[PDB]
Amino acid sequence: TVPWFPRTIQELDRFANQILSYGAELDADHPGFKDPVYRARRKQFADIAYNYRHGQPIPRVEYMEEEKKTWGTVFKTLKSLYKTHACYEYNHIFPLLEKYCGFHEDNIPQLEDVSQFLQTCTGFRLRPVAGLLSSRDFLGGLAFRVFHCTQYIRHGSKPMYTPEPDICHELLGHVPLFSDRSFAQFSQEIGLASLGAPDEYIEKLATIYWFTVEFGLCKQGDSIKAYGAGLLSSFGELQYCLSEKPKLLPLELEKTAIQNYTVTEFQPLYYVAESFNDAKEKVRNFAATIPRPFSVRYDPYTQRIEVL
């Protein structure tokens, strides 16, 4: 039968009891695996996420000097590339994040301040997430303009590398785009298409998500710029994606939806969007082909999904 999905924004609280409990930091391969302090610090951030409930302010955390040093290294190194590689929407908002959210080399911004700023721009809000959510729950949150965000940071032994999302990736990669109204509507359309969709389509939407929100390129004037969070938080791939090496294809969902990708090396190919409004339209058309015995609409006044 139709798989369950949240109908009010508060029902998102039901996701905490549905994450992968044995996370990446438990693998022998993780940069912080033999470090017991790092291991305890991760447990500490996971307990904060676990106990969090919709509507509460996100807890503030005092980051250690070692964590701030890792943040500073990542921040200074990536910052040099945005003016020439990042899409206009990213560069337009960055100064405001520096002024009101504390985006600076010496300070890790607190999620509550960032979430309030996003709320004022487009109504997006953040909630801390323990570990790995299923694609279904992760995309479902977007229908409500809710982004599940990590609050921990990568291990300091390898500042320019992370095998998973961490706070540098969320703040430098995702957050700036969620400040833009058109990108916000586009992300939300992906989430709405996902509600009650059969598993095999959830995987298609997760693949579309990967080639847009995480690794998307966008047309701007007669140029091409990065807007994908995974590119914007990766020093090496951001430079590589705008060089002559990768193959570039126009965003076509029927095709993008089944494309294979790897998470371990630079992407051999990227899809280019004409604009976020156009990508939004393509998602809405694609959602029409998903076999669901109903239709959905979000009502921002009461924060509930209406099932038609």
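Superpose the two forms; the largest set of C-alphas matching within 1.5 Å is the rigid core. One rule holds for the numbers: they count along the sequence shown, beginning at 1.
In 8 other deposited structures of this protein, superposed on the rigid core, the segment with the larger root-mean-square CA displacement between 27-35 and 66-74 is 27-35.
Looking at 228-236 and 193-201, the one farther from the shown form in 8 other deposited structures of this protein by average CA distance, after a rigid core fit, turns out to be 228-236.
Two stretches are in play, 113-121 and 99-107, and the higher mean C-alpha B-factor belongs to 99-107. The PDB entry records a higher mean C-alpha B factor for 155-163 than for its counterpart among 229-237 and 155-163.
Set against one another, the Cα B-factors of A273, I58, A40, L249 in the record reach their highest point at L249. Within the group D180, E189, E170, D222, the record's highest C-alpha temperature factor is found at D222.
When all modelled residues of the chain are sorted by CA temperature factor, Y52 is found within the middle third. Among the modelled residues of its chain, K68 has a C-alpha B-factor that falls in the lowest third, as given in the PDB entry. Sort the modelled residues of the chain by CA B factor and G131 lands in the highest third.
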